[PDB]
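Before any questions on binding or motion, here is one chain by itself as structure tokens, the form deposited in one PDB entry.
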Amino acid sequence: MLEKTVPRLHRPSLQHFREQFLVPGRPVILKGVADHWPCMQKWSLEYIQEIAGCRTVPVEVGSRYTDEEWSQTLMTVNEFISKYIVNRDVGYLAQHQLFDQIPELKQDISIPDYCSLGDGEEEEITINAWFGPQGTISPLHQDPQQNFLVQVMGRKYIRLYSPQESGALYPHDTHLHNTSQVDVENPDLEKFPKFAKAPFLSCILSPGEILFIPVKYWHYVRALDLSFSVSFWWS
């Protein structure tokens, strides 16, 4: 009823991606694109520690719903892995440009062909690593650019709402990057009534798959396993 699955397409043409997805601002999962990038066979937990273990990175801890509700700390990848993954409490190496810090890792990925349909130059695209244990929640929010979210390790549950459905999501609208006040998986419907009947797409995103999140399409993301994603912001 309220819930449909995000469509999946194998290697759709540039033209079809443009006409049926990019312009109308509709999400889709692309298959058979990021699928043989070397990172898919290579990036084990072990490999990441060997290559990146000693590098310092920002690690996020807390409810990213309000602003005071969270915090970042700078630590080595090795400290992150032992304190937040191997064995207790919740932390997330989120939204970090790891590939500018460690240029060798750039060899293991590619810029999706589909980005050339934008206006922007290729140098202008922002590439982020999202890396953390099962349970990482990134609350419902919009990004000001288009996104290809590429899953490498593990799976993620993602929920998506149209921008035309903003009213029913009760935005803070205290930031542009607007964020929602509703907990998609434990919402007080007394406090947020209109949300109940709001239509959405969802999916479970698996290794090799790419999620296209249109500019300003609302998204919520939860990691079902030990996870590593790579996002591409572009326009």
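Heads up, when I say rigid core I mean the largest set of C-alphas that superpose within 1.5 Å between the two forms. Quick note: we count residues from 1 along the sequence shown, nothing fancier.
> Does at least a third of the other compared PDB entries (those resolving both flanking residues) leave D183 without coordinates?
That residue is present in all of the other compared entries.
> Please establish whether a third or more of the other compared PDB entries omit coordinates for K31.
Comparison shows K31 kept in all of the other entries.
> Using none, 1 to 3, 4 to 9 or 10 or more, say how many deposited residues go missing between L176 and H177.
In the deposited sequence, 1 to 3 residues between these two have no coordinates.
> Should the higher mean CA B-factor in the entry be assigned to 190-198 or to 38-46?
Taking the mean C-alpha B-factor of 190-198 and of 38-46, the larger value falls to 190-198.
> Can you tell me which stretch has the higher mean Cα B-factor, 107-115 or 161-169?
Going by the record's values, the stretch with the higher mean is 161-169.
> Looking at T126, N87, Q95, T73, which has the biggest Cα B factor in the entry?
The record points to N87.
> Looking at the temperature factor on the CA atom of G154, which third of the chain's modelled residues does it land in?
For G154, whose C-alpha B-factor we compare with every modelled residue in the chain, the answer is the lowest third.
> Is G91 in the lowest, middle or highest third of its chain when residues are ranked by C-alpha B-factor?
It belongs to the middle third of the chain when residues are ordered by C-alpha B-factor.
> Compare the C-alpha B factor of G120 with those of the other modelled residues in its chain, then answer lowest, middle or highest third.
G120: CA B-factor falls in the highest third of its chain.
> Sorting by Cα B-factor within the chain, modelled residues only, which third would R26 end up in: lowest, middle or highest?
Middle third of the chain for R26's C-alpha B-factor.
> Ranking every modelled residue in this chain by its Cα temperature factor as given in the entry, which third contains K216?
Tercile = highest for this residue's CA B-factor.
This next part talks about the form deposited in another entry, which is not shown.
> With the two forms superposed on the core, which of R26, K42, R64, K31 shows a CA shift of 2 angstroms or more between the shown form and the other one?
C-alpha shift of at least 2 Å: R64.
> Quick one: in that other deposited form, is the Cα gap between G132 and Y65 smaller or bigger than here? Answer closer or farther; it shifts by 3 Å or more.
Closer together, which means the C-alphas of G132 and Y65 are at least 3 Å nearer in that other deposited form.
> Quick one: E69 and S166 C-alpha atoms, closer or farther in that other deposited form compared with this form (3 angstroms or more)?
Distance between the C-alphas of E69 and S166: longer in that other deposited form, by 3 Å or more.
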